[PDB]
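So the structure is just underneath, and the comments pick up after that.
Quick reminder, even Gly has a Cβ in these numbers, built from the backbone with ideal geometry, and neighbours come from all protein chains shown. We did not get these values from a lab; they are worked out from the coordinates using the rules stated.
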Amino acid sequence: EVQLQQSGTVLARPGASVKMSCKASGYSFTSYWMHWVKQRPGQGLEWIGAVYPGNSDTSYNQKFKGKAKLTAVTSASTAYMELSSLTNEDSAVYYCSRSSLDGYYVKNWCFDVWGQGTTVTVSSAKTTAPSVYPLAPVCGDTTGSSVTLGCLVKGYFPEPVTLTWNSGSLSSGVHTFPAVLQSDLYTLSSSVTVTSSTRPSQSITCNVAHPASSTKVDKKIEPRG
Amino acid sequence: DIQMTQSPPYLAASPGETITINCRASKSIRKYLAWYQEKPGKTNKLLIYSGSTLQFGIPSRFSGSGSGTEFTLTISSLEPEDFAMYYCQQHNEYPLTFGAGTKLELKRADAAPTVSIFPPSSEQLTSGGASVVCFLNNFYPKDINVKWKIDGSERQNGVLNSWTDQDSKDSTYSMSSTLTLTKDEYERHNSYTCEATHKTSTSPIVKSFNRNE
Amino acid sequence: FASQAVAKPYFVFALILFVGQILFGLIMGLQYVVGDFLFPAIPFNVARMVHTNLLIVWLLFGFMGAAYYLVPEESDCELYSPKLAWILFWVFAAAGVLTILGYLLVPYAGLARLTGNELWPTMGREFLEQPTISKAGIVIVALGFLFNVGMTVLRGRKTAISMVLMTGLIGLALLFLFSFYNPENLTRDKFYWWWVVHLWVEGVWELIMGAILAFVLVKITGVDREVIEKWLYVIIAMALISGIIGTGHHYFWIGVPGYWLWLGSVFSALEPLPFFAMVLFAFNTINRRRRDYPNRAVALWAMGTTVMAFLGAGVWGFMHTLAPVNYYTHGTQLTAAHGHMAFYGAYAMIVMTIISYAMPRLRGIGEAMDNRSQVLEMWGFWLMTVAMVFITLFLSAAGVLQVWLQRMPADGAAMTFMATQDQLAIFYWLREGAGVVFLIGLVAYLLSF
Amino acid sequence: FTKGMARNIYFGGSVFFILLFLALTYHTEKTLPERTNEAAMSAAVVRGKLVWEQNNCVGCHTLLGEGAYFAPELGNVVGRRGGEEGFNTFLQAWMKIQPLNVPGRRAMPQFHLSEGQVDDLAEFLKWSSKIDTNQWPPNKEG
Ligand code: HEC
Ligand code: HEM
Ligand code: HEM
Ligand SMILES: [Ca+2]
Ligand SMILES: [Cl-]
Ligand SMILES: [Fe+3]
């Protein structure tokens, strides 16, 4: 089974360098062009360039000619990409993929296997733990069959954050929204809907974990008055 | 460079139906066009290459044709796992170039959002901040509009929105809107409204509260 | 004897088909490095079977030529039936051209169908791509020929040269019968396939070559027949003592038992001997001679052949004949390299040698040609010969590089077939070059009369 | 050293080794049924050896290292195309998509073979791959 293993998320400051890897397995690594494709959110894919581990040759899109450096190490069946003079534009997901045909002369073909992607986040931000606020329905009144609660996780960096209700025991009726940037920092929210009988009667706690700052906080949703 | 335009950019359909999507090249790529399927938590999958060739292992419900500058992908009878993102790539010339995508969404019956409003928490207030949060849950179709009103009067900025992708269980959508003020801006007003506008009604859904009580 | 003249058609035709063979070579040459060249019209495997069958067919014409010429002299006889020579010339050449047109004109599977390969399937085996009727044709031609030239031998004199050539030709047609025997078992098929290809080429074809050389050495030198024939028998003795069990070097990887690895390598390592003894044969007996032959091209040919054969069959056969070495080299550009220098060195060359000797007197021009026609012939010689050595050089290079990149490293470390072919590209180009220098070389030679 | 002792070494040396060779071919032709797994050599594989011959695969490919050197070794292609279980299905696709039409690339003919024929062809090649070739080829690449 032909597989490509890419390295993990990297964070960097503007004007820095990062170097990511793509570990090949289950085919003859020196026989296939390895291609690298960039994807920024709602931007569509662009082809960065390719290395041919067979003879070490490379080919760059002009758009990237100075930004990217590709190399390979045959012994380890791994290919490598280096990005330099990092700007914000460079924050994106980066994929490696294998030409679906073998050989040096098919330089521009389609790909049959992709890696899962390596996220590069470029930022001047500093690691900052989230503030976690519990969100409880407009001052406690007799309402419908359903009740909705929320949890606001505010002002952190970098991503990700993991959130759960009741340590994972409440799984459905949850919506956890994508984080979004406010200035340097991310913020995120999650809502849970539950039968009106269930709470305040029973107990609902929002569980937030932000591994970058080694925080874990729990906020119990507390009826207003 | 040769550039690629995909159309439509998104498309709704139902299991069982047939859909067809488009890919145009700024100049002749001859027969060399490929399509990939993108799904969350799965690596991208080659479907067809050279315009019309099924790649190994792909169900024959998929097919594609075209030459020169105009191409299509077709799915004979849609299957649940076919709702996904579809990209085309030209494999005629250096440098390789991709279309920007077509999103094939699972169609469902219209659903109005459930709207819920939340005042700033006690904790947030005591740190100087005030975030008013509004959820708009489980609606379809995806287009929706949120207005914040403070004491009757629209509120343009301090507002931040987030959307979920189409839920894979019930096929609906969700959205959160957060209006962030300072404790001071917040206490200088009384009523906070969040208004949702969605095709399921001509009149907006309106949730509000008065800061006093 | 005035019925030696029936050799001319066979010689002319052999040279006609030889020009073809080369042309179809050059096509394949180009296809290596331009993969779609002449596609779909003429796929690689079609150009190949044409290149491949013409080589074999034209050599067979040269062989019948040689036999028709030298046999009457040796028997001290008129050739049994000079008409049957002339009629069996048209049957063979017809069936030749016809089967070559079969290949080009109909998709191969269609040709199997068209010729009723269904009933008696013999097609689609290497060197044996000719339909079952095409083969039948070649047997009748061969049987008429054996009878014809054999009757001549039976009445009038037995010479060592006569007998050996005969034994060679009988051996050729007999072993050709296995080309009608096509087992459903792959290994059994392969096992018997070599009874044709190898026992021809390192077996009975060596007696045809030995006796032809031995005859030419008799006439152009004047050295005693007693000594020439004595040497001859030594040559063929060594050929078969090593050759017979030497078949084993094709028996390593087809799925016959392991003891062939031992048997095959040991017996093969002695297979260079006949060819080296043929070098000594020609050098030593051209060395001490009674007369100065008015045709100095024959002596060139005679020597070049033993040298080329030795290098090609001898040295190049030896490089890869050893089981632990062939294991890595089996079915690679090394193989095409050896295949070429040995076929050209021993067989093309031996044929051109006897044509050099016998054509002048076959046309009534005399012993030799005008000194203007001799200098072309040797320009012809050298170009072909030297082009070929370059060809095999380039190919061995492609070969070692192939074994290097493809065969030696472990799973995952080794290059894929297509990938490694891309690396070989420059060698494939230089080989085309060398092939062009060879065509030019052939043309030169043909124009030398 | 006469012409006679030469002629006799020729005769006897020859007639000795022909007999020793027939002896070894007899011994070898008894060995095959188990070496090649003839019991598993079915009508399908035999019907495939026919497709292989009729279409001259050998004119571009090598089978167990013998044939043309223009295209890959097919004795062990099974191991390069998702193995035993999926090979027949692969070969169906593989035969139908030819020629691939990549500019400059060595090209494979369209043979227009029926589903049935490609299935026999696939059995042929699977069988071929499981012959004991004394560990040939060196690796997965042929
Ligand atoms: C030359 C005119 C060919 C003939 C005749 C046949 N094949 Fe072929 N084959 C050829 C090429 C140039 C290639 C590789 C092309 C590429 O772009 O990769 C192939 C490949 C195959 C394969 C795949 C081998 C691999 O290593 O993956 C198979 C299984 C195959 N061919 C089968 C095959 C059969 C069954 C044939 C007779 C019907 C046949 N080929 C003929 C070139 C040529
Ligand atoms: C005498 C004239 C010879 C000719 C015309 C000749 C020709 C050839 C040809 C055409 C092939 C390729 C066969 C094929 O299509 O598979 C071949 C292969 C081979 N030859 Fe010869 N050969 C000659 C002599 C010899 C000799 C003397 C030796 C031993 C020293 C030898 C050893 C080999 C071996 C071991 C192979 C197998 C190649 C492989 O495994 O890929 N040959 N020869
Ligand atoms: C003149 C230029 C020539 C070219 C470009 C050429 C090319 C080729 C090619 C490409 C092949 C097939 C390779 C493959 O199977 O993949 C081949 C086969 C062969 N050619 Fe030639 N050839 C030339 C001349 C000759 C000559 C003069 C001879 C005379 C003996 C010769 C003898 C053979 C033989 C025996 C094979 C069999 C292949 C084998 O079994 O290894 N060729 N040739
Ligand atoms: Ca061969
Ligand atoms: Cl041989
Ligand atoms: Fe041999």
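Pairs meeting the criteria (first residue in region C:73-91 and surrounded by 15 or more Cβ atoms within 10 Å (Cβ to Cβ), second residue of a type in the set (D, E, K, R), beta carbons under 6 Å, at least 6 apart or on different chains) are C:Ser75/C:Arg157.
Residues are listed down the side, and each one gets a yes or a no for (1) outside any helix (DSSP H, G or I); (2) within 16 Å of ligand 3 (Cβ to nearest atom); (3) more than 7 Å from every other protein chain (Cβ to nearest Cβ):
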| residue | (1), (2), (3) |
| --- | --- |
| D:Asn88 | no, no, yes |
| D:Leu91 | no, no, yes |
| D:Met95 | no, no, yes |
| D:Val102 | yes, no, no |
| D:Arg105 | yes, yes, no |
| D:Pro109 | yes, yes, no |
| D:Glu123 | no, no, yes |
| D:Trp127 | no, no, yes |
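This table checks each residue for (1) closer than 26 Å to B:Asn92 by Cβ; (2) within 27 Å of the chain's Cα centre (by Cα).
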residue	(1), (2)
A:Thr58	yes, no
A:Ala68	yes, yes
A:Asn88	no, yes
A:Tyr105	yes, no
A:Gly115	yes, yes
A:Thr119	no, yes
A:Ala129	no, yes
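If you take the residues in region C:171-204 that are of a type in the set (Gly, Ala, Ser) and more than 11 Å from ligand 2 (Cβ to nearest atom), which one is farthest from the other protein chains (Cβ to nearest Cβ)?
C:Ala173
For D:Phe1, the conditions (1) assigned to a helix (DSSP H, G or I); (2) of a type outside the set (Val, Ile, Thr); (3) out of contact with any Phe, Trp or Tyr (no Cβ under 6 Å at 6 or more places or on another chain) are fulfilled apart from (1). Going through (1) closer than 15 Å to A:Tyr104 by Cα; (2) more than 10 Å from chain A (Cβ to nearest Cβ); (3) surrounded by fewer than 21 Cβ atoms within 10 Å (Cβ to Cβ) one by one, C:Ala425 falls short only on (2).
Residue pairs whose Cβ atoms lie under 8 Å apart, separated by 6 or more positions or on different chains, with the first residue in region C:150-164 and away from every other protein chain (no Cβ under 13 Å) and the second surrounded by fewer than 18 Cβ atoms within 10 Å (Cβ to Cβ) and not in a helix (DSSP H, G or I), are C:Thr152/C:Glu78; C:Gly156/C:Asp76; C:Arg157/C:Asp76. Of the helices (runs of 4 or more DSSP H) lying entirely inside region C:111-214, the ones with 2 or more residues being among the hydrophobic types (A, V, I, L, M, F, W, C), within 27 Å of C:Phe283 (Cβ to Cβ) and more than 16 Å from ligand 5 (Cβ to nearest atom) are found at C:160-176.
Restricting D:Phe21, D:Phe11, D:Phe70, D:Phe17 to those that are aromatic (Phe, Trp, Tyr), at the interface with chain C (Cβ under 7 Å from one of its Cβ atoms) and either under 18 Å from the mean Cα position of the chain (by Cα) or over 24 Å from C:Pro257 (Cβ atoms) (or both) reduces the list to D:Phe70. For region B:52-61, the tally of residues that are over 20 Å from A:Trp114 (Cα atoms) and either among the small types (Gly, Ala, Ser) or not in a loop (DSSP other than H, G, I, E, B) (or both) stands at 2. If the condition is being touching a residue at least 40 places away in the same chain (Cβ under 8 Å) and part of a loop (DSSP other than H, G, I, E, B), then region B:128-151 contributes B:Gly128, B:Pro141, B:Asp143, B:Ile144, B:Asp151. Using the structure shown, decide if B:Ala109 is at the interface with chain A (Cβ under 8 Å from one of its Cβ atoms), under 22 Å from the mean Cα position of the chain (by Cα) and not in a strand (DSSP E or B). Criteria not met by B:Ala109. When the residues of region C:301-357 are filtered to those that are touching a helix residue (DSSP H, G or I) at 6+ places or on another chain (Cβ under 6 Å) and part of a loop (DSSP other than H, G, I, E, B), the one that is farthest from C:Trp260 (Cα to Cα) is C:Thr332.
Per the conditions (1) closer than 28 Å to C:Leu217 by Cβ; (2) away from ligand 3 (no atom under 12 Å from the Cβ); (3) not β-branched (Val, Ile, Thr), the sole criterion not satisfied by C:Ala348 is (2).
Does C:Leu376 count as in contact (Cβ under 8 Å) with a residue 60 or more places away in the chain and either within 14 Å of another protein chain (Cβ to nearest Cβ) or on the phi > 0 side of the Ramachandran plot (or both)? It is false that C:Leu376 is in contact (Cβ under 8 Å) with a residue 60 or more places away in the chain and either within 14 Å of another protein chain (Cβ to nearest Cβ) or on the phi > 0 side of the Ramachandran plot (or both).
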